[PDB]
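Visitor: Would you mind keeping the following structure in view while I ask a few things?
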Amino acid sequence: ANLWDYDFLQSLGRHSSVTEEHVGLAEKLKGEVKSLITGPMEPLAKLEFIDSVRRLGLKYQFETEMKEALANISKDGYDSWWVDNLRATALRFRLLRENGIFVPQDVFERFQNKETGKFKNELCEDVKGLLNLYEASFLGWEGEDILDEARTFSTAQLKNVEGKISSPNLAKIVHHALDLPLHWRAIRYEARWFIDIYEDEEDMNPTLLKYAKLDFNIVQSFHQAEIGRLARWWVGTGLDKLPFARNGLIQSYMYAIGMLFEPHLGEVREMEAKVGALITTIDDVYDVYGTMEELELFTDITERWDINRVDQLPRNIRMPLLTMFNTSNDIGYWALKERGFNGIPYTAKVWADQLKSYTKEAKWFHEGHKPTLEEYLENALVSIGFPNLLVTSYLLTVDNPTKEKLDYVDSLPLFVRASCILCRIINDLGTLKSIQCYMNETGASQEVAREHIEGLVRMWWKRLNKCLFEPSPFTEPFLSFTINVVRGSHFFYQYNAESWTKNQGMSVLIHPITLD
Ligand SMILES: CC(C)=CCC/C(C)=C/CC/C(C)=C/COP(=O)(O)C(Cl)(Cl)P(=O)(O)O
Ligand SMILES: [Mg+2]
Ligand SMILES: [Mg+2]
């Protein structure tokens, strides 16, 4: 049981303590949960139940029932159950916006002072109201000034009252929210955390809790078999024995679980995790290991998709390059075989673009150039690797793939570009880079520059949120990938890192949840 050991990882998937009795039980519990979501309940209680389903990682199992139940509730006119109740108003606002039902920010106007625009100080001791308002605020869009105020107000109040909470469970939840709001958290990681918290909630539904545990374990058995296959692949490539990129495979896979955790997306997940392992490896090639001439050759080979001069590179750079080449061809081929469309031109292209972006960073370094923040981000949203990961994910999942469709996603329209910019700046804040560039450009202090970059995180999120209520040429699951890579970034770049990481990996991928 060591997350970093490939003997152990390569064995993962041989045995599973998940039975076909477990699977039958799960089928029966799923049917009762489905009935609870669709069945009668008071509306607030129903919202709280649907929120709990989502938090336990189960929205993927019940999305239709959840949307149907919220639609019913949204079409009420009977509104006495929420109007003037901040907790109810805020929960409704969030779950409706999350599920594509618009609610205006002015539902919160009655809790403001009509003069100052400040929220009323009488809210300062409604903990659950403040919490729900804080969580809701992250569903806001650009220009929704009441929600911006709601963030700053609820953040300051929750910080003030955290230590005054009596309920240990509510206190843990508030602490958790102030670290990251729910909207920014990675689904699968939050699910493992929330199962334990939910078990201790007073309103806890034991049927739902039991289903959540069992489903978690069943899903986890697919992940273990994936990890097995990926670790055997990775050891097959020899790249585990490289100087650099210690733990790159399992780091990549843990990030991939943030992007997409569902069992039916297992083959796509494995291919994203391969690409990710290669991104982090090759990034080290370009950042730490290769000479400028070696990197120029690596980039030119990739740009031409032509490995004739590959032997000019030393072994430790030639191996990563050929593995990138072979895996890119494998993934494009999968698209041909499974989806009807040869994806090799698109995997080659995004790798070429990414190495070009690495090459530009290496040239800035070598020549002592200080880019502006905009100049840096234009390149760095590519170098972070998410255009590569996201275009690949689209290739593998879009229905009826065409050159026209792949060309559009590969051109990085705003929705996609927002995601890539976020992943880059979140990574940079988690510590050349965003903050220092903005410092160089404006003379700001570190503190002020960091606040600026944090503001950019909030702004790009608002743009993501809004892009989600508008019609898109994109569908599920790509729509979810695009959000969930950002949540993955937040989760792994909060500011011992080793033991926190290992604990997440062990608790989410390695140890099952004990069932009585
Ligand atoms: C969703 C998915 C499968 C992610 C795979 C892992 C990937 C490639 C994460 C990109 C973010 C990572 C792990 C960056 C760490 O690398 P760094 O060298 O610090 C850099 Cl931030 Cl890339 P940079 O080289 O710009 O300094
Ligand atoms: Mg690097
Ligand atoms: Mg780099």
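By order in the structure tokens, chains are A, B, ...; within a chain, residues start at 1; ligands start at 1, following the order shown.
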Give me the residues within 9 Å of residue 377 of chain A as a PyMOL selection string, counting only C-alpha atoms and dropping any in the same chain fewer than 6 places off.
Guide: chain A and resi 421+424-425+433-434
Visitor: Within 9 Å of ligand 2 (counting only C-alpha atoms and all ligand atoms), which residues show up? I'd like them as a ChimeraX atom specification.
Guide: /A:280-288,358,384
Visitor: Please produce a file of the residues just selected, as a PDB file, in the first residue's frame, where the atoms kept are C-alpha atoms.
Guide:
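Written out: part-v7.pdb:
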```pdb
ATOM      1  CA  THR A 280       4.739  16.660 -17.052  1.00  0.00           C
ATOM      2  CA  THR A 281       7.692  14.528 -18.204  1.00  0.00           C
ATOM      3  CA  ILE A 282       8.344  16.552 -21.346  1.00  0.00           C
ATOM      4  CA  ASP A 283       7.847  19.799 -19.498  1.00  0.00           C
ATOM      5  CA  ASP A 284      10.832  18.718 -17.339  1.00  0.00           C
ATOM      6  CA  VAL A 285      12.763  17.851 -20.472  1.00  0.00           C
ATOM      7  CA  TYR A 286      12.253  21.378 -21.652  1.00  0.00           C
ATOM      8  CA  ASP A 287      12.615  23.077 -18.228  1.00  0.00           C
ATOM      9  CA  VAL A 288      15.403  21.146 -16.583  1.00  0.00           C
ATOM     10  CA  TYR A 358       7.708  25.515 -24.241  1.00  0.00           C
ATOM     11  CA  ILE A 384       0.128  24.492 -19.040  1.00  0.00           C
TER      12      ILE A 384
END
```
Visitor: Ligand 1: which residues are within 9 Å, counting only C-alpha atoms and all ligand atoms? Reply as a PDB file with N, CA, C and O atoms, in the first residue's frame.
Guide:
```pdb
ATOM      1  N   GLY A 248       5.157  11.198 -11.880  1.00  0.00           N
ATOM      2  CA  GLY A 248       4.344  11.837 -12.911  1.00  0.00           C
ATOM      3  C   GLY A 248       3.110  11.026 -13.317  1.00  0.00           C
ATOM      4  O   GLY A 248       2.087  11.584 -13.641  1.00  0.00           O
ATOM      5  N   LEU A 249       3.190   9.715 -13.438  1.00  0.00           N
ATOM      6  CA  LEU A 249       2.033   8.916 -13.846  1.00  0.00           C
ATOM      7  C   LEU A 249       0.885   9.073 -12.846  1.00  0.00           C
ATOM      8  O   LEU A 249      -0.282   9.303 -13.218  1.00  0.00           O
ATOM      9  N   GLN A 251       0.538  11.231 -10.385  1.00  0.00           N
ATOM     10  CA  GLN A 251       0.108  12.653 -10.319  1.00  0.00           C
ATOM     11  C   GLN A 251      -0.867  12.952 -11.468  1.00  0.00           C
ATOM     12  O   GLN A 251      -1.908  13.616 -11.268  1.00  0.00           O
ATOM     13  N   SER A 252      -0.531  12.479 -12.677  1.00  0.00           N
ATOM     14  CA  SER A 252      -1.374  12.737 -13.811  1.00  0.00           C
ATOM     15  C   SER A 252      -2.740  12.087 -13.591  1.00  0.00           C
ATOM     16  O   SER A 252      -3.806  12.703 -13.831  1.00  0.00           O
ATOM     17  N   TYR A 253      -2.709  10.854 -13.093  1.00  0.00           N
ATOM     18  CA  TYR A 253      -3.962  10.104 -12.959  1.00  0.00           C
ATOM     19  C   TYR A 253      -4.845  10.769 -11.899  1.00  0.00           C
ATOM     20  O   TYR A 253      -6.060  10.849 -12.045  1.00  0.00           O
ATOM     21  N   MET A 254      -4.225  11.247 -10.828  1.00  0.00           N
ATOM     22  CA  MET A 254      -4.991  11.921  -9.770  1.00  0.00           C
ATOM     23  C   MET A 254      -5.628  13.219 -10.289  1.00  0.00           C
ATOM     24  O   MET A 254      -6.789  13.535  -9.965  1.00  0.00           O
ATOM     25  N   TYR A 255      -4.930  13.914 -11.172  1.00  0.00           N
ATOM     26  CA  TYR A 255      -5.516  15.070 -11.800  1.00  0.00           C
ATOM     27  C   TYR A 255      -6.663  14.668 -12.737  1.00  0.00           C
ATOM     28  O   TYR A 255      -7.702  15.375 -12.840  1.00  0.00           O
ATOM     29  N   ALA A 256      -6.481  13.562 -13.463  1.00  0.00           N
ATOM     30  CA  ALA A 256      -7.467  13.064 -14.397  1.00  0.00           C
ATOM     31  C   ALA A 256      -8.773  12.736 -13.671  1.00  0.00           C
ATOM     32  O   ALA A 256      -9.863  13.011 -14.196  1.00  0.00           O
ATOM     33  N   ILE A 257      -8.645  12.190 -12.467  1.00  0.00           N
ATOM     34  CA  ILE A 257      -9.842  11.849 -11.667  1.00  0.00           C
ATOM     35  C   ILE A 257     -10.660  13.109 -11.349  1.00  0.00           C
ATOM     36  O   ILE A 257     -11.905  13.060 -11.274  1.00  0.00           O
ATOM     37  N   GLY A 258      -9.971  14.235 -11.155  1.00  0.00           N
ATOM     38  CA  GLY A 258     -10.643  15.526 -11.028  1.00  0.00           C
ATOM     39  C   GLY A 258     -11.369  15.933 -12.302  1.00  0.00           C
ATOM     40  O   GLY A 258     -12.488  16.424 -12.271  1.00  0.00           O
ATOM     41  N   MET A 259     -10.744  15.701 -13.442  1.00  0.00           N
ATOM     42  CA  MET A 259     -11.385  15.985 -14.756  1.00  0.00           C
ATOM     43  C   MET A 259     -12.623  15.115 -14.996  1.00  0.00           C
ATOM     44  O   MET A 259     -13.635  15.600 -15.518  1.00  0.00           O
ATOM     45  N   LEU A 260     -12.525  13.811 -14.767  1.00  0.00           N
ATOM     46  CA  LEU A 260     -13.608  12.860 -15.084  1.00  0.00           C
ATOM     47  C   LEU A 260     -13.372  11.568 -14.293  1.00  0.00           C
ATOM     48  O   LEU A 260     -12.264  11.060 -14.299  1.00  0.00           O
ATOM     49  N   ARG A 269     -10.427   8.384 -19.848  1.00  0.00           N
ATOM     50  CA  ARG A 269      -9.675   8.800 -18.686  1.00  0.00           C
ATOM     51  C   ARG A 269      -8.250   8.252 -18.781  1.00  0.00           C
ATOM     52  O   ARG A 269      -7.288   8.968 -18.448  1.00  0.00           O
ATOM     53  N   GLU A 270      -8.164   7.006 -19.266  1.00  0.00           N
ATOM     54  CA  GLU A 270      -6.798   6.443 -19.287  1.00  0.00           C
ATOM     55  C   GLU A 270      -5.983   7.184 -20.346  1.00  0.00           C
ATOM     56  O   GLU A 270      -4.892   7.506 -20.069  1.00  0.00           O
ATOM     57  N   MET A 271      -6.595   7.537 -21.441  1.00  0.00           N
ATOM     58  CA  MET A 271      -5.824   8.199 -22.448  1.00  0.00           C
ATOM     59  C   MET A 271      -5.443   9.606 -21.987  1.00  0.00           C
ATOM     60  O   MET A 271      -4.294  10.046 -22.213  1.00  0.00           O
ATOM     61  N   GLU A 272      -6.356  10.337 -21.331  1.00  0.00           N
ATOM     62  CA  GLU A 272      -6.009  11.668 -20.753  1.00  0.00           C
ATOM     63  C   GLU A 272      -4.856  11.527 -19.755  1.00  0.00           C
ATOM     64  O   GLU A 272      -3.976  12.373 -19.707  1.00  0.00           O
ATOM     65  N   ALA A 273      -4.867  10.466 -18.972  1.00  0.00           N
ATOM     66  CA  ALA A 273      -3.853  10.278 -17.951  1.00  0.00           C
ATOM     67  C   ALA A 273      -2.510   9.957 -18.614  1.00  0.00           C
ATOM     68  O   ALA A 273      -1.465  10.429 -18.138  1.00  0.00           O
ATOM     69  N   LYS A 274      -2.526   9.219 -19.711  1.00  0.00           N
ATOM     70  CA  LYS A 274      -1.258   9.032 -20.468  1.00  0.00           C
ATOM     71  C   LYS A 274      -0.715  10.379 -20.955  1.00  0.00           C
ATOM     72  O   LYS A 274       0.489  10.668 -20.850  1.00  0.00           O
ATOM     73  N   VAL A 275      -1.594  11.179 -21.551  1.00  0.00           N
ATOM     74  CA  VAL A 275      -1.147  12.417 -22.098  1.00  0.00           C
ATOM     75  C   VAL A 275      -0.567  13.275 -20.975  1.00  0.00           C
ATOM     76  O   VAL A 275       0.468  13.939 -21.123  1.00  0.00           O
ATOM     77  N   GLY A 276      -1.280  13.322 -19.858  1.00  0.00           N
ATOM     78  CA  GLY A 276      -0.822  14.102 -18.737  1.00  0.00           C
ATOM     79  C   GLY A 276       0.547  13.694 -18.207  1.00  0.00           C
ATOM     80  O   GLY A 276       1.335  14.556 -17.769  1.00  0.00           O
ATOM     81  N   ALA A 277       0.780  12.401 -18.094  1.00  0.00           N
ATOM     82  CA  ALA A 277       2.056  11.878 -17.627  1.00  0.00           C
ATOM     83  C   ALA A 277       3.172  12.345 -18.577  1.00  0.00           C
ATOM     84  O   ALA A 277       4.279  12.750 -18.170  1.00  0.00           O
ATOM     85  N   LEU A 278       2.854  12.371 -19.869  1.00  0.00           N
ATOM     86  CA  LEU A 278       3.826  12.806 -20.876  1.00  0.00           C
ATOM     87  C   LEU A 278       4.038  14.321 -20.828  1.00  0.00           C
ATOM     88  O   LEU A 278       5.170  14.801 -21.029  1.00  0.00           O
ATOM     89  N   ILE A 279       2.977  15.071 -20.609  1.00  0.00           N
ATOM     90  CA  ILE A 279       3.120  16.508 -20.474  1.00  0.00           C
ATOM     91  C   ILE A 279       4.101  16.856 -19.346  1.00  0.00           C
ATOM     92  O   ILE A 279       4.979  17.681 -19.520  1.00  0.00           O
ATOM     93  N   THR A 280       3.909  16.269 -18.193  1.00  0.00           N
ATOM     94  CA  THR A 280       4.739  16.660 -17.052  1.00  0.00           C
ATOM     95  C   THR A 280       6.191  16.216 -17.278  1.00  0.00           C
ATOM     96  O   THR A 280       7.125  16.984 -16.997  1.00  0.00           O
ATOM     97  N   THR A 281       6.381  15.020 -17.838  1.00  0.00           N
ATOM     98  CA  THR A 281       7.692  14.528 -18.204  1.00  0.00           C
ATOM     99  C   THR A 281       8.388  15.461 -19.197  1.00  0.00           C
ATOM    100  O   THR A 281       9.575  15.817 -19.037  1.00  0.00           O
ATOM    101  N   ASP A 283       7.636  18.510 -20.099  1.00  0.00           N
ATOM    102  CA  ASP A 283       7.847  19.799 -19.498  1.00  0.00           C
ATOM    103  C   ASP A 283       9.211  19.865 -18.756  1.00  0.00           C
ATOM    104  O   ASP A 283      10.010  20.826 -18.964  1.00  0.00           O
ATOM    105  N   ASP A 284       9.495  18.827 -17.973  1.00  0.00           N
ATOM    106  CA  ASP A 284      10.832  18.718 -17.339  1.00  0.00           C
ATOM    107  C   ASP A 284      11.978  18.597 -18.314  1.00  0.00           C
ATOM    108  O   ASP A 284      13.022  19.217 -18.122  1.00  0.00           O
ATOM    109  N   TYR A 286      12.065  20.076 -21.108  1.00  0.00           N
ATOM    110  CA  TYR A 286      12.253  21.378 -21.652  1.00  0.00           C
ATOM    111  C   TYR A 286      12.723  22.345 -20.563  1.00  0.00           C
ATOM    112  O   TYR A 286      13.438  23.274 -20.878  1.00  0.00           O
ATOM    113  N   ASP A 287      12.336  22.127 -19.317  1.00  0.00           N
ATOM    114  CA  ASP A 287      12.615  23.077 -18.228  1.00  0.00           C
ATOM    115  C   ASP A 287      13.914  22.785 -17.519  1.00  0.00           C
ATOM    116  O   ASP A 287      14.598  23.706 -17.110  1.00  0.00           O
ATOM    117  N   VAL A 288      14.313  21.532 -17.451  1.00  0.00           N
ATOM    118  CA  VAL A 288      15.403  21.146 -16.583  1.00  0.00           C
ATOM    119  C   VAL A 288      16.527  20.472 -17.380  1.00  0.00           C
ATOM    120  O   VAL A 288      17.686  20.735 -17.104  1.00  0.00           O
ATOM    121  N   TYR A 358       6.575  25.787 -25.127  1.00  0.00           N
ATOM    122  CA  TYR A 358       7.708  25.515 -24.241  1.00  0.00           C
ATOM    123  C   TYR A 358       8.973  26.174 -24.784  1.00  0.00           C
ATOM    124  O   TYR A 358       9.812  26.640 -24.012  1.00  0.00           O
ATOM    125  N   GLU A 361       9.078  29.882 -24.040  1.00  0.00           N
ATOM    126  CA  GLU A 361       9.433  30.111 -22.622  1.00  0.00           C
ATOM    127  C   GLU A 361      10.944  29.912 -22.426  1.00  0.00           C
ATOM    128  O   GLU A 361      11.606  30.731 -21.789  1.00  0.00           O
ATOM    129  N   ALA A 380       1.313  30.910 -22.000  1.00  0.00           N
ATOM    130  CA  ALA A 380       1.283  30.019 -20.832  1.00  0.00           C
ATOM    131  C   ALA A 380      -0.039  29.246 -20.722  1.00  0.00           C
ATOM    132  O   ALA A 380      -0.060  28.207 -20.089  1.00  0.00           O
ATOM    133  N   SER A 383       1.179  26.418 -22.671  1.00  0.00           N
ATOM    134  CA  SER A 383       2.236  25.614 -22.062  1.00  0.00           C
ATOM    135  C   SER A 383       1.740  24.775 -20.866  1.00  0.00           C
ATOM    136  O   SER A 383       2.326  23.713 -20.553  1.00  0.00           O
ATOM    137  N   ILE A 384       0.674  25.228 -20.201  1.00  0.00           N
ATOM    138  CA  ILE A 384       0.128  24.492 -19.040  1.00  0.00           C
ATOM    139  C   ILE A 384      -0.345  23.098 -19.496  1.00  0.00           C
ATOM    140  O   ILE A 384      -0.421  22.218 -18.672  1.00  0.00           O
ATOM    141  N   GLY A 385      -0.715  22.910 -20.766  1.00  0.00           N
ATOM    142  CA  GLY A 385      -1.049  21.601 -21.316  1.00  0.00           C
ATOM    143  C   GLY A 385      -2.538  21.358 -21.505  1.00  0.00           C
ATOM    144  O   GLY A 385      -2.934  20.342 -22.074  1.00  0.00           O
ATOM    145  N   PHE A 386      -3.389  22.292 -21.076  1.00  0.00           N
ATOM    146  CA  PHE A 386      -4.818  22.032 -21.113  1.00  0.00           C
ATOM    147  C   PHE A 386      -5.456  22.172 -22.499  1.00  0.00           C
ATOM    148  O   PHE A 386      -6.414  21.482 -22.763  1.00  0.00           O
ATOM    149  N   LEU A 389      -4.848  18.601 -23.486  1.00  0.00           N
ATOM    150  CA  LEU A 389      -5.745  17.662 -22.782  1.00  0.00           C
ATOM    151  C   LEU A 389      -7.203  17.848 -23.225  1.00  0.00           C
ATOM    152  O   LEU A 389      -7.942  16.854 -23.372  1.00  0.00           O
ATOM    153  N   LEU A 390      -7.628  19.088 -23.384  1.00  0.00           N
ATOM    154  CA  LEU A 390      -9.052  19.340 -23.679  1.00  0.00           C
ATOM    155  C   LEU A 390      -9.398  19.018 -25.138  1.00  0.00           C
ATOM    156  O   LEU A 390     -10.422  18.379 -25.371  1.00  0.00           O
ATOM    157  N   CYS A 423      -6.576  27.262 -15.379  1.00  0.00           N
ATOM    158  CA  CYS A 423      -5.645  26.185 -14.973  1.00  0.00           C
ATOM    159  C   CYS A 423      -4.206  26.715 -14.822  1.00  0.00           C
ATOM    160  O   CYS A 423      -3.509  26.352 -13.877  1.00  0.00           O
ATOM    161  N   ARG A 424      -3.807  27.587 -15.721  1.00  0.00           N
ATOM    162  CA  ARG A 424      -2.455  28.197 -15.668  1.00  0.00           C
ATOM    163  C   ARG A 424      -2.349  29.154 -14.476  1.00  0.00           C
ATOM    164  O   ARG A 424      -1.453  28.981 -13.696  1.00  0.00           O
ATOM    165  N   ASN A 427      -2.465  27.382 -11.101  1.00  0.00           N
ATOM    166  CA  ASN A 427      -1.167  26.720 -10.884  1.00  0.00           C
ATOM    167  C   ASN A 427      -0.126  27.750 -10.433  1.00  0.00           C
ATOM    168  O   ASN A 427       0.588  27.468  -9.516  1.00  0.00           O
ATOM    169  N   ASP A 428      -0.057  28.882 -11.095  1.00  0.00           N
ATOM    170  CA  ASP A 428       0.902  29.917 -10.750  1.00  0.00           C
ATOM    171  C   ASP A 428       0.690  30.499  -9.350  1.00  0.00           C
ATOM    172  O   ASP A 428       1.619  30.860  -8.702  1.00  0.00           O
ATOM    173  N   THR A 431       2.098  28.393  -6.192  1.00  0.00           N
ATOM    174  CA  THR A 431       3.467  28.661  -5.730  1.00  0.00           C
ATOM    175  C   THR A 431       3.451  29.821  -4.732  1.00  0.00           C
ATOM    176  O   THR A 431       3.321  30.963  -5.167  1.00  0.00           O
ATOM    177  N   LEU A 432       9.230  34.961 -14.853  1.00  0.00           N
ATOM    178  CA  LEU A 432       8.846  33.577 -15.126  1.00  0.00           C
ATOM    179  C   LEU A 432       7.305  33.420 -15.187  1.00  0.00           C
ATOM    180  O   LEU A 432       6.820  32.921 -16.170  1.00  0.00           O
ATOM    181  N   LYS A 433       6.540  33.746 -14.134  1.00  0.00           N
ATOM    182  CA  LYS A 433       5.158  33.256 -13.964  1.00  0.00           C
ATOM    183  C   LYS A 433       4.230  34.453 -13.763  1.00  0.00           C
ATOM    184  O   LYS A 433       4.700  35.590 -13.717  1.00  0.00           O
ATOM    185  N   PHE A 481     -15.930  18.474 -18.755  1.00  0.00           N
ATOM    186  CA  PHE A 481     -14.451  18.377 -18.717  1.00  0.00           C
ATOM    187  C   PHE A 481     -13.861  19.769 -18.501  1.00  0.00           C
ATOM    188  O   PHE A 481     -12.834  19.939 -17.821  1.00  0.00           O
ATOM    189  N   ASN A 484     -14.333  20.915 -15.021  1.00  0.00           N
ATOM    190  CA  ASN A 484     -13.721  20.037 -14.028  1.00  0.00           C
ATOM    191  C   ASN A 484     -12.191  20.077 -14.067  1.00  0.00           C
ATOM    192  O   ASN A 484     -11.586  19.818 -13.035  1.00  0.00           O
ATOM    193  N   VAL A 485     -11.541  20.383 -15.197  1.00  0.00           N
ATOM    194  CA  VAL A 485     -10.064  20.582 -15.142  1.00  0.00           C
ATOM    195  C   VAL A 485      -9.731  21.772 -14.248  1.00  0.00           C
ATOM    196  O   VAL A 485      -8.700  21.748 -13.567  1.00  0.00           O
ATOM    197  N   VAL A 486     -10.597  22.774 -14.184  1.00  0.00           N
ATOM    198  CA  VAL A 486     -10.326  23.952 -13.336  1.00  0.00           C
ATOM    199  C   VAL A 486     -10.446  23.558 -11.858  1.00  0.00           C
ATOM    200  O   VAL A 486      -9.596  23.883 -11.041  1.00  0.00           O
ATOM    201  N   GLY A 488     -10.026  20.568 -10.596  1.00  0.00           N
ATOM    202  CA  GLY A 488      -8.821  19.776 -10.376  1.00  0.00           C
ATOM    203  C   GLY A 488      -7.620  20.645 -10.062  1.00  0.00           C
ATOM    204  O   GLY A 488      -6.909  20.365  -9.097  1.00  0.00           O
ATOM    205  N   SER A 489      -7.477  21.759 -10.794  1.00  0.00           N
ATOM    206  CA  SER A 489      -6.390  22.702 -10.576  1.00  0.00           C
ATOM    207  C   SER A 489      -6.489  23.360  -9.198  1.00  0.00           C
ATOM    208  O   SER A 489      -5.493  23.413  -8.452  1.00  0.00           O
ATOM    209  N   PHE A 492      -5.573  20.830  -6.318  1.00  0.00           N
ATOM    210  CA  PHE A 492      -4.190  20.397  -6.188  1.00  0.00           C
ATOM    211  C   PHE A 492      -3.238  21.591  -6.052  1.00  0.00           C
ATOM    212  O   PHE A 492      -2.031  21.376  -5.842  1.00  0.00           O
TER     213      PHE A 492
END
```
Visitor: Within 8 Å of residue 222 of chain A, counting only C-alpha atoms, which residues show up once you throw out same-chain ones fewer than 5 positions away? Write them as number ranges by chain, please.
Guide: A: 13, 263, 266
Visitor: Please return as a list in words: the residues of segment 73-125 of chain A that backbone DSSP assigns to helix (DSSP H, G or I).
Guide: residues 73, 74, 86, 87, 88, 89, 90, 91, 92, 93, 94, 95, 96, 97, 98, 105, 106, 107, 108, 109, 110, 111, 121, 122 and 123 of chain A
Visitor: So which one's closest to residue 146 of chain A, A:30, A:114, A:183, A:67? Using only C-alpha atoms, please.
Guide: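 Counting only C-alpha atoms, the residue closest to residue 146 of chain A is A:114.
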Visitor: Near residue 42 of chain A, counting only C-alpha atoms, which residues have an atom at most 10 Å away, once you skip same-chain residues fewer than 3 positions from it, shown as a compact mmCIF listing (two decimals) with N, CA and C atoms, in the first residue's frame?
Guide:
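Generated file (selection_10.txt):
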```
# COMPACT_ATOMS: atom_id res chain seq x y z
N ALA A 45 -36.40 20.91 1.67
CA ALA A 45 -35.86 19.59 2.01
C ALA A 45 -35.42 18.89 0.72
N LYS A 46 -36.19 19.06 -0.34
CA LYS A 46 -35.84 18.49 -1.62
C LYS A 46 -34.53 19.11 -2.15
N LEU A 47 -34.37 20.43 -2.04
CA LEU A 47 -33.15 21.10 -2.50
C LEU A 47 -31.95 20.54 -1.71
N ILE A 73 -39.77 22.48 -9.18
CA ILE A 73 -39.65 23.47 -8.11
C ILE A 73 -39.50 24.89 -8.68
N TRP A 81 -41.99 29.54 0.71
CA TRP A 81 -41.02 28.67 1.39
C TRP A 81 -39.60 29.23 1.28
```
Visitor: I'd like the contact shell of residue 136 of chain A - 8 Å cut-off, only C-alpha atoms, skipping same-chain residues fewer than 5 positions apart - returned as a PyMOL selection string.
Guide: chain A and resi 90-91+93-94
Visitor: Segment 308-313 of chain A: which residues within 12 Å, counting only C-alpha atoms, same-chain residues fewer than 5 positions away excluded, as a ChimeraX atom specification?
Guide: /A:285,289-302,318-323,325
Visitor: Export N, CA and C atoms of the chosen residues as a CSV table (one decimal), in the first residue's frame?
Guide:
```
chain,number,residue,atom,x,y,z
A,285,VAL,N,11.8,17.9,-19.4
A,285,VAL,CA,12.8,17.9,-20.5
A,285,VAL,C,13.1,19.3,-20.9
A,289,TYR,N,16.2,19.7,-18.4
A,289,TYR,CA,17.1,18.6,-18.8
A,289,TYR,C,17.8,18.9,-20.1
A,290,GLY,N,17.0,19.2,-21.2
A,290,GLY,CA,17.5,19.3,-22.5
A,290,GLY,C,18.3,20.6,-22.7
A,291,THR,N,19.3,20.5,-23.6
A,291,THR,CA,20.0,21.7,-24.1
A,291,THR,C,19.1,22.4,-25.2
A,292,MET,N,19.4,23.6,-25.5
A,292,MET,CA,18.6,24.3,-26.4
A,292,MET,C,18.5,23.6,-27.8
A,293,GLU,N,19.7,23.1,-28.2
A,293,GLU,CA,19.7,22.4,-29.5
A,293,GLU,C,18.8,21.1,-29.5
A,294,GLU,N,18.9,20.4,-28.4
A,294,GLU,CA,18.1,19.2,-28.2
A,294,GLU,C,16.6,19.5,-28.3
A,295,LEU,N,16.2,20.6,-27.6
A,295,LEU,CA,14.8,21.0,-27.6
A,295,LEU,C,14.3,21.5,-28.9
A,296,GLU,N,15.2,22.3,-29.6
A,296,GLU,CA,14.8,22.7,-31.0
A,296,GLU,C,14.6,21.5,-31.9
A,297,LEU,N,15.5,20.5,-31.8
A,297,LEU,CA,15.3,19.3,-32.5
A,297,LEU,C,14.0,18.6,-32.1
A,298,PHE,N,13.7,18.4,-30.8
A,298,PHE,CA,12.5,17.7,-30.3
A,298,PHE,C,11.3,18.4,-30.9
A,299,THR,N,11.3,19.8,-30.9
A,299,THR,CA,10.2,20.6,-31.4
A,299,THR,C,10.0,20.4,-32.9
A,300,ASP,N,11.1,20.4,-33.7
A,300,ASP,CA,11.0,20.3,-35.1
A,300,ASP,C,10.5,18.9,-35.5
A,301,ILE,N,11.0,17.9,-34.9
A,301,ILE,CA,10.5,16.5,-35.1
A,301,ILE,C,9.0,16.4,-34.9
A,302,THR,N,8.5,17.1,-33.8
A,302,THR,CA,7.1,17.0,-33.5
A,302,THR,C,6.3,17.8,-34.5
A,318,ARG,N,15.2,11.0,-26.2
A,318,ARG,CA,14.6,10.3,-27.3
A,318,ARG,C,13.4,9.4,-26.8
A,319,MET,N,13.5,8.9,-25.6
A,319,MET,CA,12.5,8.0,-25.1
A,319,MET,C,11.2,8.7,-24.8
A,320,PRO,N,11.2,9.8,-24.1
A,320,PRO,CA,10.0,10.6,-24.0
A,320,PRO,C,9.4,11.1,-25.3
A,321,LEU,N,10.3,11.5,-26.3
A,321,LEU,CA,9.7,11.9,-27.6
A,321,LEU,C,9.0,10.8,-28.2
A,322,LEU,N,9.7,9.6,-28.4
A,322,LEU,CA,9.0,8.5,-29.1
A,322,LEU,C,7.7,8.0,-28.3
A,323,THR,N,7.8,8.1,-27.0
A,323,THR,CA,6.6,7.7,-26.3
A,323,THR,C,5.5,8.7,-26.6
A,325,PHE,N,5.1,10.4,-29.3
A,325,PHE,CA,4.8,10.1,-30.7
A,325,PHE,C,3.9,8.9,-30.7
```
Visitor: What is the distance, in Å and to one decimal place, between atom CA of residue 401 of chain A and atom CA of residue 226 of chain A?
Guide: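 Interatomic distance, atom CA of residue 401 of chain A to atom CA of residue 226 of chain A: 25.5 Å.
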Visitor: Which residue, A:452, A:403, A:34, A:188, has the smallest gap to residue 68 of chain A when you use only C-alpha atoms?
Guide: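 Smallest separation from residue 68 of chain A among the options: A:34.
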Visitor: To one decimal place, how far is atom CA of residue 89 of chain A from atom CA of residue 108 of chain A in Å?
Guide: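 Result for atom CA of residue 89 of chain A versus atom CA of residue 108 of chain A: 7.6 Å, one decimal.
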Visitor: Have a look at A:355, A:513, A:373, A:69 and name the one nearest to ligand 3; count only C-alpha atoms and all ligand atoms.
Guide: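 With only C-alpha atoms and all ligand atoms as the atom set, the closest residue is A:355.
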Visitor: Nearest to residue 305 of chain A among A:99, A:326, A:116, A:359, with distances taken over only C-alpha atoms: which residue is it?
Guide: A:326
